[PDB]
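Next come the chains, spelled out residue by residue.
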Protein chains: 2
Amino acid sequence: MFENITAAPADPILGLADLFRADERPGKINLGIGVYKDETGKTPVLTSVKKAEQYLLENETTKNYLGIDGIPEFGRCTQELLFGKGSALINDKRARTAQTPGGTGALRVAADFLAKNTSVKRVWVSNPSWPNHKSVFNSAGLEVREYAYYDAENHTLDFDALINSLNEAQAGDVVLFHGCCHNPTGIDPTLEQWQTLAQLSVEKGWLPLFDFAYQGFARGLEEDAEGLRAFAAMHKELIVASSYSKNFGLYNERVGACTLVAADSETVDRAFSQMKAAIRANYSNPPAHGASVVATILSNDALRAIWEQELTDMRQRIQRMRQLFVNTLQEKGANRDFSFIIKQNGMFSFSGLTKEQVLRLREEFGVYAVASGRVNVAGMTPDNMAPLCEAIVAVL
Amino acid sequence: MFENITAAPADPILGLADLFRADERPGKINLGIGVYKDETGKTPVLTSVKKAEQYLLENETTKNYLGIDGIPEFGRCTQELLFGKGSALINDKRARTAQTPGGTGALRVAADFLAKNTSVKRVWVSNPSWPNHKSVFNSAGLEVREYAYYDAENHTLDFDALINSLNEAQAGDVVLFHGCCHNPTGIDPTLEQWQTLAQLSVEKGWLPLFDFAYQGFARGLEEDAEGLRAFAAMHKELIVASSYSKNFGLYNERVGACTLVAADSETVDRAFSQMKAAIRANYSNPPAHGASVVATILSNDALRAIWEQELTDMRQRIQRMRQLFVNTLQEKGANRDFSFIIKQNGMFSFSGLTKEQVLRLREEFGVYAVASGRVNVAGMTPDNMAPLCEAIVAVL
Ligand SMILES: Cc1ncc(COP(=O)(O)O)c(/C=N/C(CCC(=O)O)C(=O)O)c1O
Ligand SMILES: Cc1ncc(COP(=O)(O)O)c(/C=N/C(CCC(=O)O)C(=O)O)c1O
């Protein structure tokens, strides 16, 4: 049965972990996978998370199954983060949330739900985007088409090209938007651009699907949700796939949410029952530990204050690394303008390196980035910055 | 987009939790969902698990992503449980294991892997089986056909009907076997019947898929894997979807494994790369907490001894409830032979109640079972046994 199976191609991102660690030389520097590092080059457990875990250890009395949609408090807290306390969507009970294994899990549940219960056949994704978007949607039987996004000359959002691209999208197509911290470009729509896009998607009959993996890493929790909320104010229906992997540092505990919004309570409840059916036939019900940590923190004033400051600390350290990166590149070498790196949002910079320059960085210098030229600024430290920048200057 | 979606039908099992708890009367008795209860009617966290969780709390330094296939130690420990220490499958490196979110997750990963990478179109499942089998395989685009299994007159395995049923299976079809503790009948093949089936599946060209959710609940860890190992000794290829939900009491942490076996190391590695691709496009990588607990326990002599005794305690309490059930039914009423309940394996008894008798039990008496007549013996206690048996006798 298996003797004729062809090997899968290497994953453009996760496969870097394989190449790394297999690399035996001491000075190697990992700027690949999007995981936060502190100033010592480690990815620690958040202190708020350790405190929540101690509370769960001391107070959990059962591991009995959650409902298919997970912990109710987790869903309520998620909807408040997305839409705002006092939101009309929440008051009118227009939103239902399923706790999922990660943001990836939420994207797949959305895709399965859409493929089986609607007329959706196509998802529009930005060029460039996260490489696993195409994989998730294709796996559900949906085709993926690309829209223009990035002006590489000016390092801006090519808004006119984006709009003209999406003219080929038909009513009933899904359009995927990154909520904030675009992966890989770090360039987000302005509020006015979000507002224009919200209006256009209504008029064109697109179903918005938000991928919201970095809330809090651009400007702040409320600020980063402005685009989503502009869409929520205009649309009867949308889907949000959100992740707590980065902003709680809970990567391996698989903590995400799929939030379904419809015109009214009766409709969203009926539609959500089919989302739950899609979950039941996938992994049955979701993993409690990570989501319980998130719910415990978000619903407690003390823990939430600790966590919000830890998230602020992460955001500010990345911003400090952006500036140090630009300054150190000017030292040690070029003689080219990298000021655009300072304005980018999130953990990545899309640095202008070619595929071959990235290969050379890996092979010659032990500096690891993604072939797209994406580098993880959150992986930079005061200690590794000089060798990193010396390496980049060497490859031009 | 959503205004025309039809509501999903109620889940035959998990939907009981909804009907329960919504039921406001004090004397209600839950014999539905397959979760262990102790003598006090609670589903506690195992002590071995609490100890492992304290160790993780004290020693975990990161939540950085696991590999797509999860914790390496978890996979090694899983393969030893399935195949035995010193197994040829392990020595020849013919098996690869992915840590998954639950046994359900492992079944779905198997199904997706098979649908996309092989010529499999059909899965054969026993009549009766777990209702979610059909849902999982259909969701991957595989059709499900049923084979005969149960002689209800003699409460035995109808082996001749099983064999004649499977004559309609073609080479290249998948045949699903429950490893031990058949859900819902509690009737397993004898070792000699397993050995016959292993030989027959080789000659017929079936791909065996084992669902192994209850290892340790029939006779013991090694004993319960005899059937699987008989198949392993005869087949070049098979798949095992196993769960630690029940035998570690880790239901809501979603701890399972999908184990792929091929003729040699080169083949299983090539095939497993496509299993990892199927996972990446689903939930990306698996939840660490539950699987880390399992790995921590299985790989430590002290913790594993505590856990093995806790599992023995659970198995023996269920056996004591089987006897108390049969004895108490004879008291309080019938006048019918229930001795077959004593010989059944696992947490369920398939009691001979009709759909309407089960409805009456729920509506009139607040006793909750599945419409198939399946009752959770592990939900019976010395304290709830008399009202339970009085209710059953009342409906005949
Ligand atoms: C836009 C976007 N959507 C979803 C995800 C996945 O989040 P989780 O499934 O919660 O780990 C991510 C995580 N991205 C990573 C982390 C590793 C990965 O999954 O690729 C990266 O680009 O390096 C993301 O950037
Ligand atoms: C033969 C068989 N295969 C897989 C599973 C699912 O195990 P997990 O996904 O690890 O929770 C189960 C769990 N069965 C339950 C528990 C609740 C459920 O998932 O249906 C039941 O029949 O009541 C099972 O019996």
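Scoring rules and cut-offs
- Residues numbered from 1 in each chain as written, not as in the entry; some residues may be left out.
- Chains lettered and ligands numbered in written order.
- Heavy atoms only, no water.
- Residues with missing side-chain atoms left out of burial classes, pairs and counts.
- Core = buried A, V, L, I, M, F, W, Y, C linked by side-chain atoms within 4.5 Å.
- Buried < 20%, exposed > 50% of the residue type's maximum accessible area, 1.4 Å probe, protein only.
- Contact = heavy atoms within 4.5 Å.
- Helix = DSSP H or I, 4+ residues; strand = E, 2+ residues; numbered from the N terminus.
- Pairing = 2+ DSSP bridges.
- Least-squares fit on C-alpha atoms.
- Near = heavy atom within 4 Å.
- Polar contact = N/O pair within 3.5 Å; in protein donor to acceptor, adjacent residues only side chain to side chain.
- Domains from an automatic or database assignment.
- Buried area = accessible area lost by both parts, 1.4 Å probe.
- Salt bridge = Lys/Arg side-chain N within 4 Å of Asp/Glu carboxyl O.
- Nonpolar A, V, L, I, M, F, W, Y, C, P; charged D, E, K, R; others polar.

(A) Broad picture of the nonpolar core. The biggest cluster of nonpolar side chains holds 272 residues, and the ones touching the most others in it are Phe2(A), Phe137(A), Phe2(B) and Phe137(B). Among all residues touching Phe137(A), those that are not within four sequence positions of it are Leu107(A), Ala111(A), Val123(A), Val125(A), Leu142(A), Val144(A), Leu176(A) and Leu209(A).

(B) Geometry of the pairing of strand β9 (residues 238-243) of chain A. All names here are of chain A. The element β9 is extensively covered by neighbouring structure, given that 6 of its 6 residues are classed as buried. Going residue by residue along β9, you find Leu-238, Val-240 and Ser-242 tucked away on one face and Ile-239, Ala-241 and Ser-243 tucked away on the opposite face as well. Where strand β8 (residues 207-212) meets β9, 4 bridges bridge the pair, whose relative direction is parallel. Directly across from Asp-211, in β9, lies its bridge partner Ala-241. Taken together, the 6 bridges between β9 and strand β10 (residues 256-261) define a ladder with antiparallel strand orientation. Bridge pairing in β10 links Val-240 to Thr-259.

(C) Spatial organisation of the relation of the copies chain B and chain A. Of the two same-sequence chains, chain B is brought onto chain A (RMSD 0.0 Å, axial shift 0.0 Å) by a rotation of 180 degrees. Given the turn and translation reported, the copies of this chain are related as if by a two-fold rotation axis.

(D) Layout of the site of ligand 2. Around ligand 2 there are 19 residues in total, and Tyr65(A), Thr104(B), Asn183(B), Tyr214(B) and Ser243(B) lie nearest to it. Two or more chains meet at ligand 2, and those chains are chains A and B. In this structure, an oxygen atom belonging to ligand 2 sits 2.7 Å away from a side-chain N or O atom of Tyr214(B). Residue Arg254(B) places a side-chain N or O atom 2.8 Å away from an oxygen atom belonging to ligand 2.

(E) Up close: the domain arrangement of chain A. Residues and elements named next belong to chain A. According to the domain assignment, chain A consists of domain 1 (11-44 + 316-396) and domain 2 (45-315). Counting from both sides, the interface comprises 20 residues of domain 1 and, opposite them, 24 residues of domain 2. Regarding the contact of domain 1 and domain 2, the summed buried area is about 1,900 Å², with carbon and sulfur atoms giving 59% of it. Interface area lost by domain 1 to domain 2 is led by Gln-316, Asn-345 and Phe-350, which between them contribute 32%. Seen at the junction of domain 1 and domain 2, the total is 0 salt bridges. Linking domain 1 to domain 2 there are 14 residue pairs in polar contact. Of all elements in the fold, only α13 (301-330), α14 (340-343) and β11 (348-350) reach the threshold of two or more residues within the side of domain 1 that touches domain 2. Broken down by element, the side of domain 1 that touches domain 2 gets its largest block of residues, 4 residues, from α13. Taken together, the residues of the side of domain 1 that touches domain 2 break down into 10 nonpolar, 7 polar and 3 charged.

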